[PDB]
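Structure file run00.pdb with PDB, C-alpha atoms:
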```
ATOM      1  CA  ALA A1158      69.427  11.602   1.117
ATOM      2  CA  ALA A1159      69.505  13.248  -2.360
ATOM      3  CA  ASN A1160      68.276  11.145  -5.344
ATOM      4  CA  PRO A1161      71.874  10.327  -6.597
ATOM      5  CA  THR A1162      73.281   7.491  -4.388
ATOM      6  CA  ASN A1163      76.675   5.706  -4.082
ATOM      7  CA  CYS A1164      76.675   2.683  -6.467
ATOM      8  CA  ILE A1165      79.165   0.009  -7.690
ATOM      9  CA  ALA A1166      79.704   0.188 -11.499
ATOM     10  CA  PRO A1167      83.426  -0.745 -12.239
ATOM     11  CA  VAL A1168      85.640  -1.847  -9.285
ATOM     12  CA  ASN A1169      83.829   0.863  -7.219
ATOM     13  CA  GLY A1170      82.853  -0.501  -3.771
ATOM     14  CA  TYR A1171      84.882   1.276  -1.007
ATOM     15  CA  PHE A1172      83.535   2.330   2.439
ATOM     16  CA  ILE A1173      83.192   5.771   4.161
ATOM     17  CA  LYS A1174      83.885   9.094   2.306
ATOM     18  CA  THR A1175      81.898   7.783  -0.738
ATOM     19  CA  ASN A1176      84.197   6.100  -3.315
ATOM     20  CA  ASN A1177      87.906   5.666  -2.392
ATOM     21  CA  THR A1178      88.942   3.002  -4.951
ATOM     22  CA  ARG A1179      91.466   2.583  -7.812
ATOM     23  CA  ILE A1180      90.601   0.711 -11.068
ATOM     24  CA  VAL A1181      94.408   0.339 -11.595
ATOM     25  CA  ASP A1182      96.495  -1.933  -9.285
ATOM     26  CA  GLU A1183      98.255   1.232  -7.968
ATOM     27  CA  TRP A1184      96.214   2.679  -5.031
ATOM     28  CA  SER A1185      94.291   6.022  -5.296
ATOM     29  CA  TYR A1186      94.338   6.018  -9.149
ATOM     30  CA  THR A1187      91.005   7.947  -9.044
ATOM     31  CA  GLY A1188      90.305  10.662  -6.414
ATOM     32  CA  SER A1189      86.494   9.944  -6.324
ATOM     33  CA  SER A1190      85.308  11.474  -9.655
ATOM     34  CA  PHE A1191      82.294   9.634 -11.255
ATOM     35  CA  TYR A1192      78.951  10.953  -9.852
ATOM     36  CA  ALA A1193      76.138  10.084 -12.386
ATOM     37  CA  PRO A1194      72.380   9.427 -11.711
ATOM     38  CA  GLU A1195      71.359   6.386  -9.583
ATOM     39  CA  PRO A1196      68.618   4.197 -11.202
ATOM     40  CA  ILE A1197      67.050   2.811  -7.956
ATOM     41  CA  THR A1198      67.620   2.455  -4.157
ATOM     42  CA  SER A1199      67.821  -1.086  -2.646
ATOM     43  CA  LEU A1200      66.650  -2.437   0.732
ATOM     44  CA  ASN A1201      68.283  -1.432   4.026
ATOM     45  CA  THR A1202      67.999   2.241   3.090
ATOM     46  CA  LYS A1203      70.813   4.724   3.746
ATOM     47  CA  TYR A1204      72.852   1.905   2.174
ATOM     48  CA  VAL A1205      72.580  -0.123  -1.025
ATOM     49  CA  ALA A1206      73.206  -2.924   1.459
TER      50      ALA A1206
ATOM     51  CA  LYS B1108      84.874 -17.098 -14.826
ATOM     52  CA  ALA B1109      82.035 -15.079 -16.455
ATOM     53  CA  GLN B1110      78.408 -16.069 -17.268
ATOM     54  CA  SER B1111      78.093 -12.814 -19.315
ATOM     55  CA  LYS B1112      79.894 -12.224 -22.683
ATOM     56  CA  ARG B1113      80.014 -16.020 -23.323
ATOM     57  CA  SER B1114      79.086 -17.781 -26.619
ATOM     58  CA  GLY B1115      76.217 -20.245 -26.079
ATOM     59  CA  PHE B1116      77.536 -23.649 -24.846
ATOM     60  CA  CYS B1117      77.113 -23.655 -21.022
ATOM     61  CA  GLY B1118      73.309 -23.938 -21.406
ATOM     62  CA  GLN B1119      70.532 -23.528 -24.001
ATOM     63  CA  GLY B1120      69.641 -19.798 -24.193
ATOM     64  CA  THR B1121      70.399 -17.867 -20.954
ATOM     65  CA  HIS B1122      73.011 -19.255 -18.473
ATOM     66  CA  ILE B1123      73.031 -18.051 -14.808
ATOM     67  CA  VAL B1124      75.693 -19.974 -12.767
ATOM     68  CA  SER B1125      78.578 -22.405 -13.572
ATOM     69  CA  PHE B1126      79.857 -25.257 -11.307
ATOM     70  CA  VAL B1127      82.774 -27.776 -11.476
ATOM     71  CA  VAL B1128      82.203 -31.489 -10.553
ATOM     72  CA  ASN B1129      84.902 -34.247 -10.439
ATOM     73  CA  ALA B1130      83.780 -36.964 -12.914
ATOM     74  CA  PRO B1131      85.691 -40.310 -12.716
ATOM     75  CA  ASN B1132      88.643 -40.250 -15.211
ATOM     76  CA  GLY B1133      87.693 -36.694 -16.312
ATOM     77  CA  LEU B1134      86.018 -33.351 -15.478
ATOM     78  CA  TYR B1135      82.189 -32.949 -15.328
ATOM     79  CA  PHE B1136      80.566 -29.531 -15.922
ATOM     80  CA  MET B1137      77.248 -28.597 -14.226
ATOM     81  CA  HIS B1138      75.585 -25.303 -15.302
ATOM     82  CA  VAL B1139      72.409 -23.390 -14.272
ATOM     83  CA  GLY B1140      70.376 -22.222 -17.307
ATOM     84  CA  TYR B1141      67.208 -20.111 -17.736
ATOM     85  CA  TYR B1142      64.454 -21.216 -20.187
ATOM     86  CA  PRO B1143      61.381 -18.932 -20.690
ATOM     87  CA  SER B1144      58.857 -21.865 -20.897
ATOM     88  CA  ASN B1145      56.179 -19.355 -22.099
ATOM     89  CA  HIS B1146      55.907 -16.606 -24.780
ATOM     90  CA  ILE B1147      53.354 -13.707 -24.750
ATOM     91  CA  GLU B1148      53.251 -11.218 -27.685
ATOM     92  CA  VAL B1149      53.424  -7.502 -26.640
ATOM     93  CA  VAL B1150      53.932  -4.445 -28.935
ATOM     94  CA  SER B1151      57.370  -2.765 -28.438
ATOM     95  CA  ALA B1152      57.939   1.033 -28.704
ATOM     96  CA  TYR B1153      61.566   1.430 -30.101
ATOM     97  CA  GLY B1154      62.399   4.548 -27.965
ATOM     98  CA  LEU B1155      60.625   7.950 -27.763
ATOM     99  CA  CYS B1156      61.219  11.658 -28.621
ATOM    100  CA  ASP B1157      61.025  14.252 -25.776
ATOM    101  CA  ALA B1158      61.504  18.058 -25.415
ATOM    102  CA  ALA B1159      64.821  17.302 -23.623
ATOM    103  CA  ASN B1160      67.826  17.490 -26.019
ATOM    104  CA  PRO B1161      68.824  13.798 -25.344
ATOM    105  CA  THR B1162      65.788  11.627 -26.294
ATOM    106  CA  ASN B1163      64.999   8.496 -24.209
ATOM    107  CA  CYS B1164      65.948   5.383 -26.268
ATOM    108  CA  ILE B1165      65.847   1.844 -24.779
ATOM    109  CA  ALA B1166      69.320   0.390 -25.584
ATOM    110  CA  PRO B1167      68.998  -2.896 -23.506
ATOM    111  CA  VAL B1168      65.569  -4.053 -24.863
ATOM    112  CA  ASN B1169      63.921  -3.529 -28.295
ATOM    113  CA  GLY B1170      61.014  -1.346 -27.026
ATOM    114  CA  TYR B1171      58.430  -0.315 -24.356
ATOM    115  CA  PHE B1172      55.076  -2.198 -24.248
ATOM    116  CA  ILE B1173      52.648   0.605 -23.174
ATOM    117  CA  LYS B1174      52.592   4.466 -22.866
ATOM    118  CA  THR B1175      56.008   4.449 -24.674
ATOM    119  CA  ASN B1176      57.416   3.618 -21.171
ATOM    120  CA  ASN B1177      57.125  -0.047 -20.006
ATOM    121  CA  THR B1178      59.629  -2.587 -18.561
ATOM    122  CA  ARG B1179      57.599  -5.854 -18.340
ATOM    123  CA  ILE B1180      59.915  -7.811 -20.730
ATOM    124  CA  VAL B1181      60.915 -10.166 -17.854
ATOM    125  CA  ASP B1182      59.054 -12.976 -15.967
ATOM    126  CA  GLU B1183      56.287 -10.900 -14.274
ATOM    127  CA  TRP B1184      54.814  -7.439 -13.343
ATOM    128  CA  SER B1185      53.838  -4.402 -15.504
ATOM    129  CA  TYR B1186      56.325  -1.830 -14.089
ATOM    130  CA  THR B1187      56.451   1.404 -16.183
ATOM    131  CA  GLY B1188      59.833   2.885 -17.239
ATOM    132  CA  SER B1189      60.947   5.956 -15.215
ATOM    133  CA  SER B1190      63.639   6.738 -17.906
ATOM    134  CA  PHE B1191      66.408   5.474 -15.549
ATOM    135  CA  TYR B1192      66.070   2.083 -17.330
ATOM    136  CA  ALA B1193      66.589   3.644 -20.803
ATOM    137  CA  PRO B1194      69.981   5.390 -21.442
ATOM    138  CA  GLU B1195      69.686   8.784 -23.234
ATOM    139  CA  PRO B1196      71.721   8.890 -26.524
ATOM    140  CA  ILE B1197      72.217  11.909 -28.859
ATOM    141  CA  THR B1198      68.850  12.547 -30.616
ATOM    142  CA  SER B1199      68.471  10.817 -34.037
ATOM    143  CA  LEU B1200      66.028  12.218 -36.651
ATOM    144  CA  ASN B1201      62.820  10.072 -36.723
ATOM    145  CA  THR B1202      59.009  10.585 -36.553
ATOM    146  CA  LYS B1203      57.997  11.536 -32.935
ATOM    147  CA  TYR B1204      60.128   8.532 -31.743
ATOM    148  CA  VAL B1205      63.782   7.361 -31.395
ATOM    149  CA  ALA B1206      63.059   4.432 -33.802
TER     150      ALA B1206
ATOM    151  CA  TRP C 960      70.205  -7.089 -30.359
ATOM    152  CA  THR C 961      69.658 -10.586 -28.837
ATOM    153  CA  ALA C 962      71.566  -9.927 -25.560
ATOM    154  CA  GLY C 963      69.543 -12.546 -23.609
ATOM    155  CA  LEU C 964      67.304 -15.338 -25.055
ATOM    156  CA  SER C 965      64.934 -14.904 -28.060
ATOM    157  CA  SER C 966      62.697 -12.395 -26.187
ATOM    158  CA  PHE C 967      63.872  -9.664 -28.649
ATOM    159  CA  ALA C 968      61.915 -11.579 -31.369
ATOM    160  CA  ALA C 969      62.331 -10.034 -34.867
ATOM    161  CA  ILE C 970      63.377  -6.664 -36.449
ATOM    162  CA  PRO C 971      63.250  -5.546 -40.173
ATOM    163  CA  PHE C 972      66.102  -7.268 -42.108
ATOM    164  CA  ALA C 973      67.138  -4.122 -44.055
ATOM    165  CA  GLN C 974      67.122  -1.958 -40.874
ATOM    166  CA  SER C 975      69.070  -4.657 -38.951
ATOM    167  CA  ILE C 976      71.806  -4.682 -41.658
ATOM    168  CA  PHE C 977      72.112  -0.855 -41.421
ATOM    169  CA  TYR C 978      72.341  -0.910 -37.579
ATOM    170  CA  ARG C 979      74.921  -3.758 -37.624
ATOM    171  CA  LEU C 980      76.985  -1.920 -40.305
ATOM    172  CA  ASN C 981      76.875   1.238 -38.115
ATOM    173  CA  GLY C 982      78.193  -0.731 -35.095
ATOM    174  CA  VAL C 983      80.830  -2.715 -37.087
ATOM    175  CA  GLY C 984      82.237   0.265 -39.045
ATOM    176  CA  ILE C 985      82.395   4.101 -38.974
ATOM    177  CA  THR C 986      79.959   4.038 -41.936
ATOM    178  CA  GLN C 987      76.815   5.646 -40.414
ATOM    179  CA  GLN C 988      73.083   5.743 -41.356
ATOM    180  CA  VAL C 989      73.518   9.408 -42.489
ATOM    181  CA  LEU C 990      76.641   8.359 -44.505
ATOM    182  CA  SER C 991      74.672   5.362 -45.910
ATOM    183  CA  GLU C 992      71.903   7.798 -47.020
ATOM    184  CA  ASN C 993      74.630   9.908 -48.741
ATOM    185  CA  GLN C 994      75.971   6.684 -50.375
ATOM    186  CA  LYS C 995      73.948   5.695 -53.493
ATOM    187  CA  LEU C 996      72.826   2.147 -54.529
ATOM    188  CA  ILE C 997      74.572   0.577 -51.467
ATOM    189  CA  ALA C 998      71.972  -2.246 -51.672
ATOM    190  CA  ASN C 999      72.723  -2.660 -55.427
ATOM    191  CA  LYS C1000      76.481  -2.977 -54.632
ATOM    192  CA  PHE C1001      75.620  -5.668 -52.014
ATOM    193  CA  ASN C1002      73.496  -7.466 -54.681
ATOM    194  CA  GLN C1003      76.491  -7.282 -57.100
ATOM    195  CA  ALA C1004      78.706  -8.875 -54.386
ATOM    196  CA  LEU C1005      76.169 -11.750 -54.004
ATOM    197  CA  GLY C1006      76.147 -12.114 -57.827
ATOM    198  CA  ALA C1007      79.979 -12.204 -57.893
ATOM    199  CA  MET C1008      79.928 -15.084 -55.342
TER     200      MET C1008
END
```
For the file at hand, write its structure as structure tokens.
Amino acid sequence: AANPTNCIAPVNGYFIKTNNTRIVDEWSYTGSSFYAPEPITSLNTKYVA
Amino acid sequence: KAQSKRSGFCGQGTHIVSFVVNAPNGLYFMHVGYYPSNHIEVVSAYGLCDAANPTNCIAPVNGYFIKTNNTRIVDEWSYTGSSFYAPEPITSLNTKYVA
Amino acid sequence: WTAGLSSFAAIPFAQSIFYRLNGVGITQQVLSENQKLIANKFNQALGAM
């Protein structure tokens, strides 16, 4: 709802609970840190989908 | 594997998609390439200086066509930059502009 | 920076050399200003060739 939105920049992706992805092969390498401004919102709002 | 970060060979100028075709006694390569087909001259604005400590400078494209905030460098439209398009680097000394 | 096509057109040759030097090496535009007769040294290198 706020202007920053979940986005895919590196491996990213993931599902519920915002970002739950690891750039490294080992799982949970990153807790969910990243944030950053979102440039635009795509169609099918509430989701970049 | 990757259209981006590739030396020109897949297609003249921009290359969008790459495909593999089985030629007789060999391998045939089919590639999708983008050619502008038209050129229109517009004045760029190499970045801008703002009261915010990080100035807005357009890293991806040379400059902004109008109002020091424009993004019509592509096929169509006259969309104005909202500053999301231009990344904000550390300010560099220049005359009322990132230059 | 010709990332895609020739849409970027042209930029001043002297300025382009300074920007490319800044990207290639830690030498910076402020350091280049501190350096004296950098262009003359480049001319000497062309003369040596």
Which residues match the PyMOL selection byres ((chain C and resi 968) around 12) in the file above, as a PDB file with C-alpha atoms, in the coordinates of the input?
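The resulting file, part.pdb, is shown below:
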```pdb
ATOM      1  CA  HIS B1146      55.907 -16.606 -24.780  1.00  0.00           C
ATOM      2  CA  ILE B1147      53.354 -13.707 -24.750  1.00  0.00           C
ATOM      3  CA  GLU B1148      53.251 -11.218 -27.685  1.00  0.00           C
ATOM      4  CA  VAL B1149      53.424  -7.502 -26.640  1.00  0.00           C
ATOM      5  CA  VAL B1150      53.932  -4.445 -28.935  1.00  0.00           C
ATOM      6  CA  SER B1151      57.370  -2.765 -28.438  1.00  0.00           C
ATOM      7  CA  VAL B1168      65.569  -4.053 -24.863  1.00  0.00           C
ATOM      8  CA  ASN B1169      63.921  -3.529 -28.295  1.00  0.00           C
ATOM      9  CA  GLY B1170      61.014  -1.346 -27.026  1.00  0.00           C
ATOM     10  CA  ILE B1180      59.915  -7.811 -20.730  1.00  0.00           C
TER      11      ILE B1180
ATOM     12  CA  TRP C 960      70.205  -7.089 -30.359  1.00  0.00           C
ATOM     13  CA  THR C 961      69.658 -10.586 -28.837  1.00  0.00           C
ATOM     14  CA  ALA C 962      71.566  -9.927 -25.560  1.00  0.00           C
ATOM     15  CA  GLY C 963      69.543 -12.546 -23.609  1.00  0.00           C
ATOM     16  CA  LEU C 964      67.304 -15.338 -25.055  1.00  0.00           C
ATOM     17  CA  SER C 965      64.934 -14.904 -28.060  1.00  0.00           C
ATOM     18  CA  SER C 966      62.697 -12.395 -26.187  1.00  0.00           C
ATOM     19  CA  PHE C 967      63.872  -9.664 -28.649  1.00  0.00           C
ATOM     20  CA  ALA C 969      62.331 -10.034 -34.867  1.00  0.00           C
ATOM     21  CA  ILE C 970      63.377  -6.664 -36.449  1.00  0.00           C
ATOM     22  CA  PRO C 971      63.250  -5.546 -40.173  1.00  0.00           C
TER      23      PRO C 971
END
```
Sorted per-residue table, chain B near chain A, closest atoms and distance, 9 Å, all atoms listed in the file, as CSV:
```
residue,atom,partner,partner_atom,distance
B:1189,CA,A:1196,CA,8.8
B:1190,CA,A:1196,CA,8.7
B:1191,CA,A:1196,CA,5.0
B:1192,CA,A:1196,CA,7.0
```
Nearby residues (only C-alpha atoms) at most 8 Å from stretch 1200-1205 of chain A, same-chain spacing under 2 positions excluded, as an MDAnalysis selection string: chainID A and resid 1158 1163:1164 1198
Selected residues written out, C-alpha atoms, as a PDB file, in the frame of the given file:
```pdb
ATOM      1  CA  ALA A1158      69.427  11.602   1.117  1.00  0.00           C
ATOM      2  CA  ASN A1163      76.675   5.706  -4.082  1.00  0.00           C
ATOM      3  CA  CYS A1164      76.675   2.683  -6.467  1.00  0.00           C
ATOM      4  CA  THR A1198      67.620   2.455  -4.157  1.00  0.00           C
TER       5      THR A1198
END
```
For residue C:977: contacts at 12 Å, all atoms listed in the file, fewer than 2 positions along chain excluded, given as a ChimeraX atom specification: /C:970-975,979-992,997-998
Contacts from chain B to chain C, 12 Å maximum, all atoms listed in the file: show me the residue list as a ChimeraX atom specification. /B:1110-1115,1118-1123,1140-1151,1153,1165-1171,1179-1182,1199-1200,1206
Name the residues that the PyMOL selection byres ((chain A and resi 1180) around 12) pulls out of this structure, and write them as a ChimeraX atom specification. /A:1165-1171,1176-1179,1181-1189
Identify, on the basis of all atoms listed in the file, every residue whose closest approach to residue B:1156 does not exceed 12 Å; exclude the query and any residue fewer than 6 positions from it along the same chain; express the result as a PyMOL selection string. chain B and resi 1162-1165+1175-1176+1195-1206
Only C-alpha atoms, please: the residues just picked out, written as a PDB file, keeping the file's coordinate frame.
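Final output, saved to part.pdb:
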```pdb
ATOM      1  CA  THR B1162      65.788  11.627 -26.294  1.00  0.00           C
ATOM      2  CA  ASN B1163      64.999   8.496 -24.209  1.00  0.00           C
ATOM      3  CA  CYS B1164      65.948   5.383 -26.268  1.00  0.00           C
ATOM      4  CA  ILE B1165      65.847   1.844 -24.779  1.00  0.00           C
ATOM      5  CA  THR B1175      56.008   4.449 -24.674  1.00  0.00           C
ATOM      6  CA  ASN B1176      57.416   3.618 -21.171  1.00  0.00           C
ATOM      7  CA  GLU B1195      69.686   8.784 -23.234  1.00  0.00           C
ATOM      8  CA  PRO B1196      71.721   8.890 -26.524  1.00  0.00           C
ATOM      9  CA  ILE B1197      72.217  11.909 -28.859  1.00  0.00           C
ATOM     10  CA  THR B1198      68.850  12.547 -30.616  1.00  0.00           C
ATOM     11  CA  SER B1199      68.471  10.817 -34.037  1.00  0.00           C
ATOM     12  CA  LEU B1200      66.028  12.218 -36.651  1.00  0.00           C
ATOM     13  CA  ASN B1201      62.820  10.072 -36.723  1.00  0.00           C
ATOM     14  CA  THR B1202      59.009  10.585 -36.553  1.00  0.00           C
ATOM     15  CA  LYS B1203      57.997  11.536 -32.935  1.00  0.00           C
ATOM     16  CA  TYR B1204      60.128   8.532 -31.743  1.00  0.00           C
ATOM     17  CA  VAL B1205      63.782   7.361 -31.395  1.00  0.00           C
ATOM     18  CA  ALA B1206      63.059   4.432 -33.802  1.00  0.00           C
TER      19      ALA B1206
END
```
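Take atom CA of residue A:1162 and atom CA of residue B:1187: the distance between them is 21.4 Å.
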One-decimal distance in Å that lies between atom CA of residue C:976 and atom CA of residue B:1152: 19.8 Å
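Of note, atom CA of residue A:1193 and atom CA of residue A:1160 are spaced 10.6 Å apart.
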